[PDB]
Structure formats: structure tokens, C-alpha cells
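**Student:** My structure is below; once you've seen it, I'll send some questions.
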Amino acid sequence: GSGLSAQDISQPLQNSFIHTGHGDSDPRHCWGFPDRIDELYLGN
Amino acid sequence: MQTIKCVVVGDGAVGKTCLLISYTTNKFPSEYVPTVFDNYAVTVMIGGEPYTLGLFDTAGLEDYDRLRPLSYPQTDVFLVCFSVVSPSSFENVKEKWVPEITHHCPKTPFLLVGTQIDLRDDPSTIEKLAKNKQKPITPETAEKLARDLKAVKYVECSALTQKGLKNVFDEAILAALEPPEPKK
Ligand SMILES: Nc1nc2c(ncn2[C@@H]2O[C@H](COP(=O)(O)OP(=O)(O)NP(=O)(O)O)[C@@H](O)[C@H]2O)c(=O)[nH]1
Ligand SMILES: [Mg+2]
């Protein structure tokens, strides 16, 4: 396990990806310059 | 058991999907949008007992352009991003984040993460910083400012060379998995 003064619980382990979302927005403006967009937007 | 709430705020992934996403795929130098389909349901063993958390990602696409949870999250452990490349902006980031993260929430903790450190280490981008400074925020630097406000801790991570990823991101969720201890 992980272990870090917290019940020694293992962070988001593996096999944790079933895919349950829609979205899917083809390349609009890619990522040329840093400074990601706030979590309010996330993607372009 | 104890659960967690993965919510990142800022101009960087830090505690976003980029961690597990890029860790598996999606590529960094490609595009950023499809991720809008967050709310991924997973089933694994989160230390204690078989269970998984729910990372609710906010976006502005067809999925949900009306959402807005990052407004004033009542979380206890926020996620502050940054980058080694800095042309004398360090003074701004500090005086721009500390008063921001606290503005929305009366004094809200955070965690420093490293990633670009892999490339910024180059003497090229550095030269761009040289225009105003040149001093690259070393993995130890972020830790200094991070502890300055008793945030949490700056761990190693890289979405290009793979400097752990889960390590730093593990420290972010850790604050939610259980009350961690500082280093003083
Ligand atoms: N050094 C450093 N870099 C950071 C930090 N936070 C974010 N970054 C940079 O910001 C990038 C994150 O990209 P981002 O667009 O947020 O990821 P994503 O949106 O999850 N990917 P997707 O395209 O699937 O949505 C990383 O490659 C990293 O270099 C930080 O604390 N330190
Ligand atoms: Mg993403």
C-alpha cells in the first residue's frame, strides 16, 4: 500500500478506468502555450 | 475507509485528470477537450475497503457549460499549480495565488506539484526566463514556498519523463484521505 499517515490507504490504484463520460471535442486549439485554463473550462 | 474530493483550481492540471490520464494516455502535446467527459466511474480497492472516490471535473463544453463548482469550493485541500519556467514571475505567482485561494475561501490549503521541471531544466526556455531572470524553480524551490504557508508539500512528478506522477498527486488526495503531518 501507499502509506502516508492516513490509515495507510492506497491512492487511486490501477484498474480504475471503466469510462463513463461523453464529451469528446476534437482538436480545437491544441496546447501551444502553457497556463492551462481554470477548472471552470478545463478544455477549449 | 474515508473518502476524498479531487478538485483542482488554477492554470494547471496539478490535481486534474492529466495525472492518471497522461499516466495512461491522452498525450500532453496534443489537445485538451475530450477530458470534459469527466465523472468517470471506477471500481478498485482504495486501501481501507473496496471503494473508489469521485473526481468531478468542471468544464465548459457540450457536456455541461453551465457547471461551476470551482467558484468557491468548500474543500479542505486545494491544488495549486506552477512551473519551473519563470522570468521573474515568482513574486507574482506567490502574491497572486496566496491572496486568490484565500479570497474565495477564508484561508485554504494547497499542494505544490512538479512536472515541467523535466523540460524547463533545459538552457533554452531558461534563456527566455533570462530576459527577466533565468532562475528555474527547482523541485526544492516549490517546497520552500509550499511549506511557507504550511500548505502540504511539493513532491516529484513529470508528464513527459514520468517522475512518479502518483507521488505528488497522492499527496494531494492524501489531505482528503486523512489529516497528514507537516515537516517542521
Ligand atoms: N512544473 C509544473 N507543471 C505543472 C503544474 N501544474 C500543471 N503543470 C503543467 O500543466 C500541464 C497539464 O495540462 P492540462 O491541460 O492541465 O491537462 P489535462 O487537461 O488533464 N489533459 P486533457 O487534454 O486530457 O484534458 C502539465 O503538462 C504540466 O507540465 C505544476 O504544479 N508544476
Ligand atoms: Mg484532462
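Going through the C-alpha cells in order, the chains are called A, B, and so on, while each chain numbers its residues from 1 and the ligands are numbered from 1 in the order shown.
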Identify all chain A residues at most 6 Å from chain B by counting only C-alpha atoms; ligands do not count. Present them as a PyMOL selection string.
**Tutor:** chain A and resi 5-6+9-11+16-25+27+30-31+35-44
**Student:** Could you give me, as a PyMOL selection string, the residues within 7 Å of residue B:78, counting only C-alpha atoms and dropping anything in the same chain fewer than 3 positions from it?
**Tutor:** chain B and resi 7-8+75+108-111
**Student:** Report as a tab-separated table (two decimals) with N, CA, C and O atoms, in the first residue's frame all protein, DNA and RNA residues lying within 12 Å of residue B:141, evaluated on only C-alpha atoms, omitting residues in the same chain fewer than 5 positions from it.
**Tutor:**
chain	number	residue	atom	x	y	z
B	82	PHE	N	1.91	25.36	-10.89
B	82	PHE	CA	3.02	26.26	-11.19
B	82	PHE	C	3.96	25.62	-12.20
B	82	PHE	O	3.68	24.54	-12.72
B	83	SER	N	5.08	26.28	-12.48
B	83	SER	CA	6.06	25.76	-13.42
B	83	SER	C	7.44	26.34	-13.15
B	83	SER	O	7.57	27.46	-12.66
B	84	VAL	N	8.48	25.56	-13.46
B	84	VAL	CA	9.85	26.00	-13.25
B	84	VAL	C	10.18	27.24	-14.07
B	84	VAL	O	10.82	28.17	-13.58
B	90	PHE	N	7.88	34.66	-10.19
B	90	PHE	CA	7.76	34.02	-8.88
B	90	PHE	C	7.10	34.95	-7.86
B	90	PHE	O	6.25	34.52	-7.08
B	112	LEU	N	1.91	21.91	-3.83
B	112	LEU	CA	2.75	22.25	-4.97
B	112	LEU	C	3.14	20.98	-5.73
B	112	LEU	O	3.45	19.96	-5.12
B	113	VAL	N	3.12	21.05	-7.05
B	113	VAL	CA	3.46	19.90	-7.88
B	113	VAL	C	4.47	20.25	-8.96
B	113	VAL	O	4.48	21.36	-9.49
B	114	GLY	N	5.31	19.28	-9.29
B	114	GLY	CA	6.31	19.48	-10.32
B	114	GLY	C	6.04	18.61	-11.54
B	114	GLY	O	5.60	17.47	-11.41
B	117	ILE	N	9.42	20.57	-14.85
B	117	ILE	CA	10.80	20.51	-14.38
B	117	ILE	C	11.69	19.69	-15.32
B	117	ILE	O	12.89	19.93	-15.43
B	135	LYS	N	16.42	32.16	-13.23
B	135	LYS	CA	16.36	31.20	-12.13
B	135	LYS	C	15.17	30.26	-12.28
B	135	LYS	O	14.02	30.67	-12.14
B	136	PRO	N	15.43	28.96	-12.55
B	136	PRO	CA	14.38	27.96	-12.70
B	136	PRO	C	13.93	27.42	-11.35
B	136	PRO	O	14.75	27.03	-10.52
B	146	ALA	N	5.93	26.36	-0.69
B	146	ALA	CA	4.82	25.49	-0.32
B	146	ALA	C	4.68	25.40	1.19
B	146	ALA	O	3.60	25.61	1.74
B	147	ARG	N	5.79	25.10	1.87
B	147	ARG	CA	5.79	24.99	3.32
B	147	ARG	C	5.65	26.36	3.97
B	147	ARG	O	5.19	26.47	5.11
B	148	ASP	N	6.05	27.40	3.25
B	148	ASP	CA	5.97	28.76	3.76
B	148	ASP	C	4.58	29.05	4.31
B	148	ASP	O	4.43	29.68	5.36
B	153	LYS	N	3.12	20.00	0.75
B	153	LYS	CA	4.44	19.54	0.35
B	153	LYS	C	4.54	19.42	-1.17
B	153	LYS	O	3.58	19.06	-1.84
B	154	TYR	N	5.73	19.71	-1.70
B	154	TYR	CA	5.96	19.60	-3.14
B	154	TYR	C	6.69	18.30	-3.44
B	154	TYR	O	7.84	18.11	-3.05
B	155	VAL	N	6.02	17.40	-4.14
B	155	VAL	CA	6.60	16.11	-4.49
B	155	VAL	C	7.07	16.11	-5.95
B	155	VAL	O	6.87	17.09	-6.67
**Student:** Which residue is closest to ligand 1? Choose from B:101, B:142, B:129, B:6 and count only C-alpha atoms and all ligand atoms.
**Tutor:**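 Using only C-alpha atoms and all ligand atoms, the shortest distance to ligand 1 belongs to B:142.
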**Student:** Would you compute the distance between atom CA of residue A:15 and atom 11 (C, counted along the ligand's line) of ligand 1? Give it in Å to one decimal.
**Tutor:**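 Computed distance, atom CA of residue A:15 to atom 11 (C, counted along the ligand's line) of ligand 1, equals 23.4 Å.
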**Student:** Using only C-alpha atoms and all ligand atoms, can you tell me which of B:100, B:160, B:144, B:92 comes closest to ligand 1?
**Tutor:** B:160
